[PDB]
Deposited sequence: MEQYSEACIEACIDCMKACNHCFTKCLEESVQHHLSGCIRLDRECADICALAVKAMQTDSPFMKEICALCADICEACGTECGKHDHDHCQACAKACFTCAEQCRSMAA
């Protein structure tokens, strides 16, 4: 069941991309927002295509989401990031 993780990724993308634009000492949040939005997209694609690397991609996505949430924590972004990390860890297990 990947529907819930896909939704969390999509929500995280949205929040990270909005935070990126609004932010534009925020250089760290901007960098992470870009990388997080990019890895979330990759995780969505991996889950939608049934990729053999879906779990590894999800694990990476969690790590990036956690870092992005820590740095933005911007508060909406941090929340969506931590939720997405949790869902990606579950998928990765």
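Fill in: Gaps in the model (deposited sequence, numbered from 1)
According to the deposited record, C-alpha coordinates are absent for 1-3, 28-33, 83-88, which together make up the missing parts.
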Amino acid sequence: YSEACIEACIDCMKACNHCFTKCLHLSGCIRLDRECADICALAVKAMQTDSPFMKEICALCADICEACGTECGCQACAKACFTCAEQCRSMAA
From here on, numbers count along this sequence of modelled residues.
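Worksheet item: For the C-alpha atoms alone, is the average B factor greater in 36-44 or in 62-70, going by the entry?
Response: Comparing averages over the C-alpha atoms only gives 62-70.
Worksheet item: Which wins on mean Cα temperature factor, 51-59 or 27-35?
Response: Per the PDB entry, the higher value belongs to 27-35.
Fill in: For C9, the third of its chain into which the C-alpha B factor falls
Tercile = lowest for this residue's CA B-factor.
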